[PDB]
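Secondary and tertiary structure notes
If you want the building blocks of each chain, they are given just below.
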Amino acid sequence: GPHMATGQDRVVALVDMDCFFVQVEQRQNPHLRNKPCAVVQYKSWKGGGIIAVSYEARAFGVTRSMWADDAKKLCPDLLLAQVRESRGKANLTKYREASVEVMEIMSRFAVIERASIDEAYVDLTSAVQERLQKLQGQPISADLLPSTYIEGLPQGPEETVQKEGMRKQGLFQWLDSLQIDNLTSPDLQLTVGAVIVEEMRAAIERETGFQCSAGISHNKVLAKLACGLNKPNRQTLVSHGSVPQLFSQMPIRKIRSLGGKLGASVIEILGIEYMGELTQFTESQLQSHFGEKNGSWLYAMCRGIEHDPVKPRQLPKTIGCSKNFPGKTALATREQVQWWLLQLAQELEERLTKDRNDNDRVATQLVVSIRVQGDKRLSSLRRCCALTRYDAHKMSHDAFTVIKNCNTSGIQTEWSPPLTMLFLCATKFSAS
DNA sequence: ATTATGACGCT
DNA sequence: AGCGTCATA
Ligand SMILES: [Ca+2]
Ligand SMILES: [Mg+2]
Ligand SMILES: [Mg+2]
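Residues numbered from 1 in each chain as written, not as in the entry; some residues may be left out. Chains lettered and ligands numbered in written order. Heavy atoms only, no water. Residues with missing side-chain atoms left out of burial classes, pairs and counts.

Put simply, the test is: UniProt positions are given in the numbering used here, feature names are shortened, and annotations may be inferred rather than shown by experiment.
Per UniProt, chain A carries the Catalytic activity text "DNA(n) + a 2'-deoxyribonucleoside 5'-triphosphate = DNA(n+1) + diphosphate".

Remarks on the sheet that holds strand β3 (residues 49-53)
The line we're drawing: Only when DSSP finds a minimum of two bridges between them are two strands counted as paired. Only DSSP runs of H or I reaching four residues or more are called helices, and only runs of E reaching two or more are called strands; each is numbered from the N terminus. Each axis is a line fitted through C-alpha atoms, taken for helices only over the stretch in contact, and angles between the N-to-C directions span 0 to 180 degrees. The contact definition used throughout considers only heavy atoms, calling two residues in contact when any of these lie within 4.5 Å.
In spatial order, the strands read β3-β2-β4; together these 3 strands make up an open sheet with mixed pairing. The sheet terminates laterally at β3 and β4 (79-82), the two strands that pair on one side only. For this sheet the average axis-to-axis angle between neighbouring strands, irrespective of direction, equals 35°. Pairing between strand β2 (residues 37-41) and β4: 4 bridges, direction parallel. The residue of β4 that forms the bridge with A38 is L80. Strand contacts of helix α1 (residues 20-28): β2, β3 and β4, with the helix running at about 105° to β2, the strand carrying the most contacts.

Topic: helix α8 (residues 220-227)
Which entries qualify depends on this criterion: Whether a residue is buried, partly exposed or exposed follows from its accessible area with a 1.4 Å probe, protein chains only, as a fraction of its type maximum: under 20%, in between, or over 50%, in that order. Contacts described as polar in this section are N or O atom pairs within 3.5 Å, which, within protein, must combine one atom able to donate a hydrogen with one able to accept it, while residues neighboring in sequence count only if both atoms come from side chains.
Of all 8 residues making up α8, 7 are buried, and the element is well covered by its neighbours. A distance of 3.3 Å separates the backbone nitrogen of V221 from a side-chain oxygen at the start of α8, and that oxygen is part of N219.

Quick look at the pattern of salt bridges
We count it as follows: Definition used for salt bridges: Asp or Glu carboxyl oxygen within 4 Å of a side-chain nitrogen of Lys or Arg.
As enumerated under the stated definition, the model contains 22 salt bridges in all. Residues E207 and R108 are paired through a salt bridge, measuring 2.9 Å at the closest nitrogen-oxygen approach. For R108, a relative accessible area of 52% translates into the label exposed. For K224, the salt bridge is made with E119, and the minimal N-O distance between the two is 2.7 Å. Overall, the relative accessible area of 28% leaves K224 in the partly exposed class.

Focus on the coordination of the calcium ion (ligand 1)
Operational definition: Counted as donors are N, O and S atoms no farther than 2.8 Å from the metal, or 3.2 Å for Na, K and Ca; water is not among the atoms, and sites may therefore look incomplete.
Distances from the calcium ion (ligand 1) to its protein donors, namely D16 (OD), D16 (OD), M17 (O) and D118 (OD), fall within the range 2.1 to 3.0 Å. The distance between the calcium ion (ligand 1) and the magnesium ion (ligand 2) comes to 3.4 Å, with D16 serving as a donor to both metals. Highlighted residues: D16 in strand β1 (residues 12-17) and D118 in the loop between β7 (112-116) and β8 (119-123), separated in sequence by 102 residues. For the pair shown, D16 and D118 are each scored as buried.

Here it is in structure tokens:
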């Protein structure tokens, strides 16, 4: 009744760049624009591994993780851009720098949480209050929402044959129902949130050339889900009211954090398929199976309610460099291990020095991780040491010292079992 | 032989 | 601390 919170206190958006690495390459090379395009890394093994795919290429069935030689079988005219290689390894600087361009624009509108290289959550609650005061009871025109979908609409009762017409019919029903006379209507707040996101998205495109999609809702999980409902180059508003129908057929794995083993457990243990089916369990029941924290989270989430705050953090918390040495390329000599630790340390030194200059901070811990031939785990071993100076030779020497005792080989010069992954990561930043 | 990342939870 | 999970291009 009157005491049951509804998770409608905030307006949160999730902005996600469309096929991000591809757009970065298309901006740089106009010949790639409006074409089936993919970004690949390395080239010698099966034409390289695809890591980003334009919407034109996806129509042919090209996906991430596909080998470019295989993608070419589906899409013979596929164009490719290759990730830059430096010091013998893929170097993602160009995309990191493009990400900064976008993140800096978003930060003009509101506080953001950098969630990945190409997406950020936005807390719009304050911005919405401000805009509502400016509007002074003024209705919101559909003209202010030119790329917005309202999830769940239109409903009930011939232009609806095409997608743009459906989008507009839905928007009109939504706005027709809105009560603009009340500065505290959650639905109104979401709508104004959407007006602001249109503006943010226009600014991103104007100032970078990059297009993005976005979700607008009352929390991060619904915002993220919403964003994916209409891509590319569109934004989606998911209201509290839309949740029961949306979740009624929504596979559990689609919700963020339930895409892996926990999500699988939920389905297996409870014998359900859809997020909405969770409402029939008590909070205690969910806690008994999935733990106190997850059980409480699931109980609220299946009702559209989540409280995780948009953290004020625009910069990454760690800076790392990693390389796999698959199959026959695994490092089997000490000279090999040392040469590559050095290559990695040199890239890391370069990124750290630039980070210190731009952002007034210094990393204080170096984390060293390796994988050994045979183990099916990301990392086999992880060891930290102190990071006291931005010097590549020192860092690589320290990394070797910390891992040297993993070498089974009774021989000094040989390395066994061979190493199939090296990883250096600078962490634990402090102001400088 | 997807690879190169990056955040956060557990004990 | 070191390990595991989940997620990004
Ligand atoms: Ca994206
Ligand atoms: Mg993304
Ligand atoms: Mg993606």
